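Quick notes on the structure that follows.
A short reminder: the numbers here are calculations on the coordinates, not readings from a lab. Using ideal geometry, Cβ is built from the backbone for each residue, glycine included, and neighbour counts are taken over all protein chains shown.
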Amino acid sequence: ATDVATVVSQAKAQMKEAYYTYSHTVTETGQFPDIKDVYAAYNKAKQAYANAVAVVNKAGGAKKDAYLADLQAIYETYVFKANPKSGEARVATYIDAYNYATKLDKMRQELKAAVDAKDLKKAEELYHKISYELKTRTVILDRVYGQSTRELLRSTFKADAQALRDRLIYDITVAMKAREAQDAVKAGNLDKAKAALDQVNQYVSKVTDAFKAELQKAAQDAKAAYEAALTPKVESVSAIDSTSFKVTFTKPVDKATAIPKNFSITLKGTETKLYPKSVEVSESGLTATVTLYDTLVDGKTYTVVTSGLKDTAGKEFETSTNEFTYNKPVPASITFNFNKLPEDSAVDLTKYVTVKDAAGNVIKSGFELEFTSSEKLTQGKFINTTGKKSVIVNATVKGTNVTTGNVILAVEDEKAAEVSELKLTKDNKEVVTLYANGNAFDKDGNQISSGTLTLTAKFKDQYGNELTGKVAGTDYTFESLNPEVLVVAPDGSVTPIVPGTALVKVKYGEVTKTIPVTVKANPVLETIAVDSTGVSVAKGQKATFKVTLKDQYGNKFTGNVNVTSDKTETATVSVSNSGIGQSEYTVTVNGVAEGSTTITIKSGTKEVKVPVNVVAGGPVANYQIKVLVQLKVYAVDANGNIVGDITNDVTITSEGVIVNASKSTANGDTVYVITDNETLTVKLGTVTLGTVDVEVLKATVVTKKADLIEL
């Protein structure tokens, strides 16, 4: 009993016994032992060893160092050794591994919690945590002695942690990369974006049904953002005649920057420069004529260089080089586009002629025209057809003998020939949605407040020009083919009566066009969505869940909500904003006495009810630090139930200070807050409750390293 030999025999046998605890269970029954029993046996080992070392040194002798070397060898192999080789520190590494393996299973459920409740911000957060453990920290798992044991840990706890993570590859890839391309346009880096959208746009096909909805919006919203803030550019340049060239733009252009100073033209592959005389810009601002002093050369190519140009209310153009190739066309035939001309003081004869080459191609520009007419020509191209019945016009190309000959032309006053457009509008905006209410919603989805609801029409005449000065109601009129569904005034005014569809049409003399405008059912209360599946409060505490209302189309419906609990004694209840106004309230459940009851959310016709069970508060067994950036410190009993809160006594400090933080009381309920110009330490008195990591905005609460064998 007392003698060293007996103490060492037993110390030896005991350290081995700690290892057989797990290895004989796993081998013989295919089960893990109770981790409590392993910890019990591990601590009993570490003592038995340490007692023996003490007993051995106290006896001394030549037997001493043999004993001590053996004892240590067993201890270092079977129980514990800092930085172990494989086969060593068996029990220690199994503990580490079994604790590691249980965290995965847990996180894997927390992750499956988020995919179900469809919180994408949280599913991503836990995807990262899991993907780190699964990649970096499987080292812990490989230390374990016992391939049988090593597999059982992998099958029982890791296999399904993998599986679940691996099918969220795509959901996260997109959600990440979408956010990155959104962040590249806030900054000035369109190169990094696009490579991001290249990635987003090949993977949104393969997302799972979890967040399919939210990912698509975030993907389309990242495309849109990138378009709107894309650098304007010169599309192309093309010749017009021997002395002017056209230039087209991607965006509109600032008339103040479209000036001769900002264009440089050279004959390609030479020093020969051609200075521009003028720049005229289209009413739209997407093209411009640039005219030259010098004369272009049939066949040759010219390179234009743009710079210091600018968008309307916008940003600079990229200095760029574009070529164009002057080709003097060869006219063969010439023709009038109609047998008639409009009635007018100045009819511009060049607009009513068409020139072609011998192949049969219309030459849009390049040539000059001479005219003779029965009537007097002004600037050799304009005539007064006012009050005339007919006119003779002869059009010839200048150097050529290509002529129309003498052509008699009828003069015919403009008249509505065609309906160029007909749409429903309100306050200048085309409406895509309308309910029998009268409420109207535009292209995007937003409703148009104020402005009259009317039909709009434009017309072209028989020469294909838009008609102007024409008063709706006087010169043309509207009507509905179904007054039951939709009532229309002659001037365009509208007031719908009932859902369905109505055919509506416009009339300018004998010209008409008919359009359908569908009118839809009013928004009515279809769904009451609830944030919580079921509430677990504590006595003398409170809980929160949100209620959102939806209509039959799936849009935020505004309405009323009363809320009640079965039994007022086990749990009272209230609702935000007095129970009226919004499409989304927050319910507050107070606990008052242990047991159960249930909560009812009513709204007009339809109704949802939800379970409430209040637990009796245990004593304080822990303090959680939580991020909800705004910070809190909850007191928490043995079960994880929130009883008490101590955010007000606690003090934040820092270990180059990126962040400021201080207490922020609101109606008694205290909260900590983060600012800007590290890791923060949360203390209660001189005790440290934990640390926080902050980055640049985003804050995660540190987790304490609980590994026996550091890596």
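Please report, in whole Å³, the volume per residue of the convex hull around the C-alpha atoms of the stretch 1-85. Spell out each step's value before the answer.
Working: hull volume 9.0 nm³, N = 85.
Spelled out: Cα convex hull of the stretch 1-85, divided by residues, is 106 Å³.
Show me, bin by bin at 5 Å from 0, the whole-percent P(r) of the stretch 231-327 based on Cα pairs.
3, 15, 28, 27, 16, 9, 3, 0
Over the stretch 76-139, what is the relative contact order in percent, taking alpha-carbon pairs closer than 8 angstrom and at least six residues apart? Can you show the working numbers first?
Values: 36 pairs, mean separation 12.7, N = 64.
It comes to 20 percent, rounded to a whole number.
Just to be sure I understand: if I project the alpha-carbon convex hull of the stretch 328-414 onto a plane and average over all orientations, what area do I get in nm²?
With the hull built on Cα positions only, its mean projection is 5.5 nm².
For the stretch 231-327: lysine pairs with Cα atoms under 18 Å, gap of 8 or more or different chains, count?
Taking the Cα cut-off of 18 Å, the pair count is 23.
Treating cross-link reach as a plain straight distance, find the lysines whose alpha-carbon is under 23 Å from the alpha-carbon of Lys556, omitting any fewer than eight places away in the same chain.
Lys118, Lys121, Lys212, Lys217, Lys426, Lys429, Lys443, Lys520, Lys546, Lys602, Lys606, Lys609
Give me the extension gain from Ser578 to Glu510: residue separation times 0.36 nm, minus the current Cα-Cα distance, reported in nm with one decimal.
Working it through step by step, the gained length comes to 18.5 nm.
Using a simple spin-label model with points 7 Å from Cα along the Cα→Cβ vector, what separation in nm is obtained for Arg137 and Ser264?
Placing both labels 7 Å along Cα→Cβ, they lie 6.2 nm apart.
Per residue of the chain, what 222 nm ellipticity follows from adding -39500 (n - 2.57) for every DSSP H run with n ≥ 4, rounded to the nearest 500? Display every interim value, and only then the final one.
Working: 11 runs with 173 residues, N = 711.
Dividing the helical sum by the residues of the chain leaves -8000 deg cm²/dmol.
If you place +1 on the Cβ of every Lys and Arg and -1 on the Cβ of every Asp and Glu, how big does the dipole about the Cα centre of the stretch 231-327 come out, in debye to the nearest 20?
On the way: 11 positive and 12 negative charges, 32 e Å.
Here the stretch 231-327 has a charge dipole of around 160 debye.
Would you please give the FRET efficiency between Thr354 and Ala313, computed as 1/(1 + (r/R0)^6) with r the Cβ-Cβ distance and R0 = 41 Å, to the nearest 0.05?
0.55
Could you line up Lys505, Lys186 from fewest to most neighbouring Cβ atoms inside 10 Å? Could the numbers behind the result be given before it?
Numbers: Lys505 19, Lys186 9.
Lowest count first: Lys186, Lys505.
Once you sort the root eigenvalues of the Cα gyration tensor of the chain as a ≥ b ≥ c, which label holds: rounded (a/c under 1.5), prolate (a/b larger than b/c) or oblate (the other case)?
It is prolate, given that a/c is not under 1.5 and a/b is the larger ratio.
Let me know the charge dipole size of the chain about its Cα centre in debye, to the nearest 20, where only the beta-carbon of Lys, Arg (+1) and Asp, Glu (-1) is charged.
Roughly 1200 debye, rounded to the nearest 20.
Over the stretch 1-91, what relative contact order in percent results from Cα pairs under 8 Å that are six or more residues apart?
For the stretch 1-91, the relative contact order is 34 percent.
Under a point-charge model restricted to the Cβ atoms of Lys and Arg (+1) and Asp and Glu (-1), what is the dipole moment magnitude of the stretch 523-620 relative to its Cα centre, in debye to the nearest 20?
So the magnitude is around 60 debye.
Just rank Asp294, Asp551, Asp676, fewest to most, by other beta-carbon atoms within 10 angstrom. If you can, show how the numbers build up before the last one.
Details: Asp294 15, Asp551 18, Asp676 10.
Ascending Cβ contact count within 10 Å gives the list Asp676, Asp294, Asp551.
Projecting each Cα onto the charge dipole of the chain (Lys/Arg +1, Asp/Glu -1 at the beta carbon, about the Cα centre), which of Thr600, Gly618, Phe211 comes out farthest on the positive side?
Going by the charge dipole, the pick is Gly618.
Tell me which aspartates and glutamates have Cα within less than 14 Å of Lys513's Cα, excluding those fewer than 8 residues away on the same chain?
Within the straight-line cut-off, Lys513 pairs with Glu418, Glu421, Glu479.
Among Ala48, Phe336, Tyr293, whose Cα sits farthest toward the positive end of the charge dipole of the chain (+1 at Cβ of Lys/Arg, -1 at Cβ of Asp/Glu, about the Cα centre)?
Working it through, the farthest residue towards the positive pole turns out to be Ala48.
Label points 7 Å out from Cα along the Cβ direction at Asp413 and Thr102: separation in nm?
Each label point is offset 7 Å from its Cα along the Cβ direction, giving 9.7 nm.
Which chymotrypsin sites (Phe, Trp or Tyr not before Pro) in the stretch 1-54 pass both tests, a DSSP loop state and at most 12 other beta-carbon atoms within 10 Å?
none
Suppose we take every Cα in the stretch 262-309 and form the convex hull; what volume per residue is that in Å³?
Dividing the Cα hull volume of the stretch 262-309 by its residues yields 91 Å³.
Enumerate the amide H contacts of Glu418 below 5 Å, restricted to partners 5 or more residues apart or on another chain; note that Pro and chain-start residues carry no placed amide H.
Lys460
Among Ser205, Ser282, which comes first, then next, by fewest other beta-carbon atoms within 10 Å?
In increasing order of surrounding Cβ atoms, one gets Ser205, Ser282.
Using DSSP to define loop residues, name the GluC sites (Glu not before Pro) in the stretch 266-336 whose beta-carbon has at most 14 other beta-carbon atoms within 10 Å.
Passing both the DSSP loop test and the Cβ count: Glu271, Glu283, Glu318.
How about the stretch 456-562: which chymotrypsin sites (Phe, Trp or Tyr not before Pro) there lie in a loop by DSSP and see at most 14 other Cβ atoms within 10 Å?
For chymotrypsin sites (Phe, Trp or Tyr not before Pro) across the stretch 456-562 that sit outside H, G, I, E and B with at most 14 neighbouring Cβ atoms in 10 Å, the list reads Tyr553.
Based on the Cα gyration tensor of the stretch 415-522, what are the three equivalent ellipsoid semi-axes, each the root of five times an eigenvalue, rounded to whole Å and given largest first?
25, 15, 11
Before anything else, pin down the relative contact order of the stretch 86-230: Cα pairs under 8 Å, at least 6 apart, normalised by residue count, whole percent.
With pairs under 8 Å counted, the relative contact order is 26 percent.
In the stretch 328-414, what is the count of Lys pairs whose alpha carbons are under 14 Å apart, counting only pairs at least 8 residues apart or on separate chains?
Eligible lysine pairs with Cα atoms under 14 Å apart amount to 11.
Starting from the alpha-carbon convex hull of the stretch 46-85, give the projected area averaged over all orientations, in nm². Working shown, then result.
Details: hull surface 11.4 nm².
That works out to 2.9 nm², a quarter of the Cα hull's surface.
Around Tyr435, what is the net charge, scoring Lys/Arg as +1 and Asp/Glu as -1 over all other residues with Cβ under 12 Å from its Cβ?
The answer is 0.
Which far-off residues, 5 or more places away or on another chain, put their amide H under 5 Å from the one on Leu503, with H placed in the peptide plane?
Counting only residues 5 or more places away or on other chains, the set is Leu481, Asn482.
Please report the antiparallel percentage of DSSP beta bridges with both residues in the chain, rounded to the nearest 5.
95
Evaluate the Kirkwood expression for the hydrodynamic radius of the stretch 523-620, namely the inverse of the mean inverse distance over all pairs of different C-alpha atoms, and round to one decimal in Å.
By the Kirkwood definition, the hydrodynamic radius is 13.9 Å.
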